[PDB]
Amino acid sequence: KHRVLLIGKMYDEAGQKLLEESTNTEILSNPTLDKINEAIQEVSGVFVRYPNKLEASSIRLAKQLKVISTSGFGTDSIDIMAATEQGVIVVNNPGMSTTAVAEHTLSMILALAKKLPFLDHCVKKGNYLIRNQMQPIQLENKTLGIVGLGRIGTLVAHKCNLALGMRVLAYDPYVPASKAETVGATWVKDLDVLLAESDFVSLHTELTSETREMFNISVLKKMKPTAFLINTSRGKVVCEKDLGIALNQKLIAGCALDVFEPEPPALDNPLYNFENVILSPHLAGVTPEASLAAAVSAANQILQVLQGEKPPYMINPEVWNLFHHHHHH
């Protein structure tokens, strides 16, 4: 029977149960490159838990490899070129946690408006009278600016408009304006207009060379001093040093972050010392439902390629013909 290497465990054991019905699996925990190499030589499939890496030199050692599956959308730590050259199919598992991240985003937007973690701290310390200096924000009729109108951004736009009564603006050069109009948002060609008009700005872009450090001191200066930033996308989209300067200089009023750069944020991180800051440890997409759906998807696609069936989320379909040559024909 075929052998599968799991570079990191899946998000739900049901995916490992699926593999074990037909394959012999070995599981490594944050393995070093050497540990991968001595475990990968006889496997037909590999699962990679984000953010683990799979290098070209390791792929070359896997002479019978048929398929590499990642745990989520991201494949940046996979050398796809190497896999393609050897007839190995790379699949991702995208969109398995859209609803979880959308809910987490609504949670952070509301908690910023209501000053919820700060008020909880104050009441528990006997500082009930903080209420005199408080002005919670009503979300109704405020403006939300969505940067990245993808799977998550679209759902967040829809619910903030329909359920919370917000005006919703969006910036995304790589979707048509009709996509925003369908959910009640307006797609804007000029990011600066969204920045000037928004009371809450929520980031939902893919991380690319173009969006890396896109949210820097120049952007924060354009935002309203009363506005808040929410980032549930990727830590590298935000320049954290500039963000701290912007909070310190009151260029924006606060922020909620689920992702960081560097990740694991340092014990030193100056962002910890603002009470208009709300932090979560990269959990926005983590629910039992999302973990199970991704684990089952990844296992099912590995099993498809081992059977010779085309999986639904191939990242390198240009490899199929060589895959055919190596393992069929």
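So that there is no doubt, residue numbering starts at 1 and follows the sequence shown.
Should the higher mean CA B-factor in the entry be assigned to 238-246 or to 136-144?
-> According to the PDB entry, the answer is 238-246.
Averaging the C-alpha B factors as listed in the entry, name the stretch that ends up higher: 22-30 or 283-291.
-> Mean C-alpha B-factor is greater for 22-30.
Highest recorded Cα temperature factor - choice among 48, 299, 266, 67 = Comparing C-alpha B-factors across 48, 299, 266, 67, the maximum falls on 266.
Residue 224 - which third its CA temperature factor falls in, relative to the rest of the chain | Ranked within chain, residue 224 CA B lands in the middle tercile.
Grab the CA temperature factor for residue 214 from the record and place it in the lowest, middle or highest third of its chain.
-> Answer is middle: the recorded C-alpha B-factor places it there.
Chain-relative CA temperature factor third for residue 178 | Middle third by C-alpha B-factor.
Can you tell me which third, lowest, middle or highest, the CA B-factor of residue 76 falls into for its chain?
-> Highest third.
According to the PDB entry, is the CA B factor of residue 120 in the bottom, middle or top third of its chain, that is, lowest, middle or highest?
-> Lowest third of the chain for residue 120's C-alpha B-factor.
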